[PDB]
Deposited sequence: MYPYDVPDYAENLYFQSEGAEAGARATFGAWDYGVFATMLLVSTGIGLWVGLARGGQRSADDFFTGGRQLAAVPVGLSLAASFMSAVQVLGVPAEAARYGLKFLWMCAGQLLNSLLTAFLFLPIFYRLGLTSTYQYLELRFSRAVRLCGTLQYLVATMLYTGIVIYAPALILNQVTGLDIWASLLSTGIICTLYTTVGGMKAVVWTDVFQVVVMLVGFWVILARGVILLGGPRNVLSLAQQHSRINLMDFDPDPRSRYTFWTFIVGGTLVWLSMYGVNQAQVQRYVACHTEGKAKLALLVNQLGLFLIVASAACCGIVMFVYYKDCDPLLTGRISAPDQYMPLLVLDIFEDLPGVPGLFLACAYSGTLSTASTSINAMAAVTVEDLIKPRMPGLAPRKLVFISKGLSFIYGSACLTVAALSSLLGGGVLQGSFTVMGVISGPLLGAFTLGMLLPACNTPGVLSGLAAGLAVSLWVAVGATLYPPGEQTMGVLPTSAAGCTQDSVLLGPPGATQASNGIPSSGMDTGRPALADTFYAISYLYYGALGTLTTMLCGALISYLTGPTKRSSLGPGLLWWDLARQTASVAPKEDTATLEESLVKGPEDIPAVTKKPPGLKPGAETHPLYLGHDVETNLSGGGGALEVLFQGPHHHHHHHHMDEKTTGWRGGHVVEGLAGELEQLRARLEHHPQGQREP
């Protein structure tokens, strides 16, 4: 109990092996959108969103409000620019706007951000395996790395099946939990009593981790960083045979992500009310809050033996498949965008070998980043939203500056990228060397009676992590706006046909 110990071991092993092996032996656009909702279905979200909802309440539902505002700008301000142009890759726009140097810089920033994000995405299934089997945290990470390598290197329509299965799993967990605790009315009343239904939270204090202001502002930009400029996600919409179909598929992706993040938050609330007494953290039954969901599944499905095995094997294999797909994606991007253009004559024999080698190097780098995440501390959702905000925040800032500011020469945008990246790294490192107090973040009390030294660690490093990506972005523009209009602007009369949004 509390760590498999039944047929669930066999079911987990069988499902993992089958997933690893069997991989390789207007509504037509709906699945494509549902394919990009499979990038936020990773075990990262499974572990994070429920735990964060349980610890901070229902405020986490405002994540959807970020999504609903990131797929509303991505489908009306960023998709037309990337479509009316017509681009093999989105970063090509930069070469059309400022110069090839900015294209290379943006590609490097995307590569770094993706490697860190995939490191976290690989760490999450390692956490699942360690919690489920008690197989250390380093042997578990080793096994996860080996399986991911077998996926990406040796070779590798489940993009929608994995979603469907994990979503029905979330709904099943919700139903079972609510049944155990009586009915929806009792659970809702209990959650309300313990201040878990604090949906309306407008406190302006930026240090407050989760709030309406924080979620809207920070999450919108942290989500544009992942689904508005991300080459892998956006590339699927520059080949939809029409702009309207691309927008419809993007809205379908928005709906899928909204459903995922609402089900996860609701199941997190059910988890909390289930553990309203004898909280695992206070009783030592687990180590980190990200070990909440596996524990919830294991405790709940004691009547049905293998269901935890099936659900967690899906959440593990799907997450590794997503990580391997991302690794292959950036391995291909490196060859097509950075290497091949410089070396024109290489022939395919060496190009395929270089692609495989880059996939291997990226896999190893992501595994090392996962090990670093495990060693450094905890937090999978926070880790993802920090790595993808610190790095991919200034990049979105550069895109927005180039679109909405006609007079943005290359030096201005480059210095804006520098300043934004520096500021984001500054705050993200300050908040890890002097983490904010738990009470100030907004963590709610969890009963168990049933069984900043410097001057910038108290006011600056304490901001919610969601603002990190919104802090670089809002600097990359401002600096890039206060330098472009000083180092000589770019007259709009000679800028390009459709590189702007005002046109």
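Undergrad: No C-alpha coordinates anywhere in a stretch? Then put that deposited-sequence range on the list, in order along the chain.
TA: Unmodelled stretches: 1-24, 50-68, 200-204, 500-525, 578-694.
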